[PDB]
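S.K.: got a sequence here, can you model it:
(chains A, B, C and D, ligands or ions: 2)
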Amino acid sequence: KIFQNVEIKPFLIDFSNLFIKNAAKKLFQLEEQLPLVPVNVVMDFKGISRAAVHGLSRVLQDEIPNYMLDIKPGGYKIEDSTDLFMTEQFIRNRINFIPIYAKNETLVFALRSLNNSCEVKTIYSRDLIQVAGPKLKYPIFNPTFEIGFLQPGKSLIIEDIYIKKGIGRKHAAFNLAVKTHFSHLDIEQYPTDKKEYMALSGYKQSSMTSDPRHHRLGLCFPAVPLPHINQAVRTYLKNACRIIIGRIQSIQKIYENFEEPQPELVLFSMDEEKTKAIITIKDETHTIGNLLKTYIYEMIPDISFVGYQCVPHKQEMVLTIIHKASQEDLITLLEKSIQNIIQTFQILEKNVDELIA
Amino acid sequence: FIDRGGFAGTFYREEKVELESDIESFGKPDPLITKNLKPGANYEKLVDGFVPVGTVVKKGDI
Amino acid sequence: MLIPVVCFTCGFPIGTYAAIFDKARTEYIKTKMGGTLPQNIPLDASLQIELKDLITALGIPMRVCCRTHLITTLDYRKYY
Amino acid sequence: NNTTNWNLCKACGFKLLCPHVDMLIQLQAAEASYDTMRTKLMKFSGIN
Ligand SMILES: [Zn+2]
Ligand SMILES: [Zn+2]
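M.R.: Numbering: from 1, shown residues only, chains lettered A, B, ... in the order given. Ligands and ions are numbered 1, 2, ... in the order given. Have a look at this structure:
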């Protein structure tokens, strides 16, 4: 039971405050909770390396597929948008970063704002009319966003607002989870309020020596429907697992083809019966490399060398493994480590399904 | 922070071209009459002598 | 030109509680303003305007970046 | 072989001389200035 003791708490508006109550009620006629609210999820992991937990966190942050709202080329109608201040760049930057919880990539919206008044009129996100796709039985974004504002006698017409899929690493608009907590529960901590310890991190063991295996990770999701929170968060967690497994399985297709000359795997036979394996994979991050290094190191305690160098200006991860075995034995150990990673994340899948009811 | 609009904005440049009275004119040239057209240019984006507002002009475009 | 939709640092959905945070704040200032011209508010030398509880009631967490960007962001509508 | 393709050698069969080279040689032997040579070799202009 690797993953236990998860707790989920939404972020809700306190209507006991008179100022917030009056402002919301006179702006949006809002008297109860919004359709989509942020959710903070705190998770406890036991008997698992911090490499795996941090990789799961990274994937949930900016390596999981996610949906945003984007404007197709030519959507911003210059013929009708007479406003001089709401430029295409500003408005599309506003639209891209609205957190959405979409069901399909078919929905297409439109924003048609006309200002017949003598005062600046604020364009909110409730003015996004769905023009294509099946009719929504539940909103996919909050209606309280401020898309823009129009000067008197101006207009803003935007068509072909569609749902675009991508990973958060390439563009920040696909980021999913925001970090709220990360700690190790199996390492003692100093009281850092004292002036003797305020210059230190707090943990009683140095990171150069410690190997924690009992962690607490808390992440916040920006947009989750109220009546299905446990259905959404669970899905997110499960999604992350598959992604990692998928990426790991890619490396599992490299080691299987070590007999044929493969560009992403290079094998040398060094002196003193030593063998060397270099795995160069493009567009990989520290997640996969760190997981590979940690699990190879666990599998081979007396390994000669292992490193996962991810280079920023080369956009690639190079894993170097030097070990005193033959090529076949090294490949067998690598496959065993990959299988260990796969089974660990399968157990994470099972625990996620078991915990969140 | 960059993608979200941190220190992000729009940068402007202007092109002010003048004419010689009754000698020159604004209009799209034609290959079979006009002389010494610029090598590797792109004259097809002109509309009545000026590129229309809203199109993306890159290097080599007239 | 407005309060950002998401926090520039982490990306928390600040914008969905932005507009309300604006308007409500005004009345709070009107409660604490006191015999003083509006444009002289940042020079009163006797004000104690705290917006901690307002942002807390909005549901926004106690993150430094999120509250910083919510409070400090200028609005183009209010200067033009 | 006026335009659009190479001149071919009847003696062997491979390419012999591009037409613009013939026109350039004629102009060079015909006291042609650079401008009068640049404009005349415009029907041989490359990719538009
Ligand atoms: Zn923030
Ligand atoms: Zn020949």
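
S.K.: helices of the chain, start to end?
M.R.: Using chain A here. Using DSSP state H, the helices of chain A run over A:18-27, A:50-62, A:88-96, A:229-255, A:286-299, A:327-355.

S.K.: try chain D instead
M.R.: D:19-29, D:34-40.

S.K.: can I get those in CSV including distance to residue B:3 and mean neighbour count?
M.R.: For every residue, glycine as well, the C-beta is placed using N, CA and C. Shown next, in CSV, are those (distance: least, Cβ to Cβ, whole Å; neighbours: other Cβ atoms under 10 Å in any protein chain shown):
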stretch, distance to residue B:3, mean neighbour count
helix D:19-29, 51, 13
helix D:34-40, 49, 12
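
S.K.: chain A: which of those helices is closest?
M.R.: helix D:34-40 (39.5 Å; Cβ to the nearest Cβ).

S.K.: next one: whatever residue of chain D ends up closest to ligand 1 relative to chain A, how far apart?
M.R.: Nearest to ligand 1 in chain D, going by Cβ to the ion, is residue D:47, at a distance of 52.2 Å. Distance, residue D:47 to chain A, by Cβ to the nearest Cβ, to the nearest Å: 27 Å.

S.K.: for residue B:8, which of the helices of chain A is the nearest?
M.R.: Ranking the helices of chain A by proximity to residue B:8 (Cβ to Cβ) places helix A:88-96 first, at 7.5 Å.

S.K.: isn't residue A:229 right next to residue A:8, touching?
M.R.: Yes: in terms of Cβ atoms under 8 Å, residue A:229 counts as a neighbour of residue A:8; the distance is 6.3 Å.

S.K.: hmm, back to that, need the helices of chain A in a markdown table (columns: distance to chain C and mean neighbour count).
M.R.: Below are the helices of chain A laid out as a markdown table (distance: least, Cβ to the nearest Cβ, whole Å; neighbours: other Cβ atoms under 10 Å in any protein chain shown):
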| stretch | distance to chain C | mean neighbour count |
| --- | --- | --- |
| helix A:18-27 | 4 | 18 |
| helix A:50-62 | 9 | 22 |
| helix A:88-96 | 6 | 19 |
| helix A:229-255 | 14 | 17 |
| helix A:286-299 | 19 | 21 |
| helix A:327-355 | 23 | 17 |
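
S.K.: so for residue D:4, which of the ones you listed sits nearest?
M.R.: helix A:88-96 (44.9 Å).

S.K.: tell me the gap between the closest one and the middle of its chain.
M.R.: Counting by Cα atoms, centre = their mean, to the nearest Å, helix A:88-96 is centred 22 Å from the centre of its parent chain.

S.K.: wait, does it contact chain B?
M.R.: Yes: applying Cβ under 8 Å from any Cβ of the partner chain, one finds helix A:88-96 in contact with chain B at A:89, A:93.

S.K.: between residue A:229 and residue A:8, what contacts are shared?
M.R.: Common neighbours of residue A:229 and residue A:8, counting by Cβ atoms under 8 Å, 6 or more residues apart in numbering or on different chains, are residue A:39.

S.K.: what about the residue nearest to residue A:8 when sequence neighbours are not counted, how many residues close to it?
M.R.: What sits nearest to residue A:8 in space, not counting adjacent residues and going by Cβ to Cβ, 6 or more residues apart in numbering or on different chains, is residue A:41, at 5.1 Å. Counted with other Cβ atoms under 10 Å in any protein chain shown, the neighbours of residue A:41 add up to 24.

S.K.: okay, and the beta partners of residue A:41?
M.R.: For residue A:41, the beta-bridge partners are residue A:8, residue A:219 (DSSP bridges).

S.K.: pretty sure it sits against residue A:221.
M.R.: Yes: with contact defined as Cβ under 8 Å, residue A:41 counts as touching residue A:221 (7.1 Å).

S.K.: between these two, which contacts overlap?
M.R.: Shared contacts of residue A:41 and residue A:221 (Cβ under 8 Å, 6+ apart): residue A:233.

S.K.: gap between the nearest residue in space to residue A:309 that is not next to it in sequence and residue A:57?
M.R.: For residue A:309, the nearest residue in space outside its immediate sequence neighbours is residue A:318; the separation is 5.0 Å by Cβ to Cβ, 6+ apart. Separation of residue A:318 from residue A:57 (Cβ to Cβ, to the nearest Å) stands at 23 Å.

S.K.: ditto for residue A:301
M.R.: 27 Å.

S.K.: can you list the residues of the stretch 51-200 of chain A near chain B?
M.R.: A:78, A:87, A:89, A:93, A:97, A:171, A:172, A:173.

S.K.: wait, doesn't the last one sit right on residue A:67?
M.R.: The reference is to residue A:173. No: if you go by Cβ under 8 Å, residue A:173 and residue A:67 don't touch, sitting 9.7 Å apart.

S.K.: between the two, which has more neighbouring residues?
M.R.: Under the criterion of other Cβ under 10 Å, the comparison of residue A:173 against residue A:67 puts residue A:173 first, with 24 against 21.

S.K.: name the nearest residue to residue C:12, sequence neighbours excluded.
M.R.: Per Cβ to Cβ, 6+ apart, closest to residue C:12 is residue C:66, 5.0 Å.

S.K.: same check on residue D:28?
M.R.: residue D:37 (7.7 Å).

S.K.: what about the residue in the stretch 101-250 of chain A that chain B sits nearest to, distance to residue A:37?
M.R.: In the stretch 101-250 of chain A, the residue that lies nearest chain B is residue A:172 (3.6 Å; Cβ to the nearest Cβ). Applying Cβ to Cβ, the value for residue A:172 to residue A:37 is 21 Å.

S.K.: go on, residue A:253?
M.R.: 41 Å.

S.K.: then residue B:53?
M.R.: In terms of Cβ to Cβ, residue B:53 sits 42 Å off from residue A:37.

S.K.: more neighbours, the two?
M.R.: Neighbour totals were compared for residue B:53 and residue A:37, and residue A:37 leads with 21 against 7 (other Cβ under 10 Å).

S.K.: what about the helices in chain C?
M.R.: Going by DSSP H, chain C shows helices at C:18-32, C:52-57, C:64-72.
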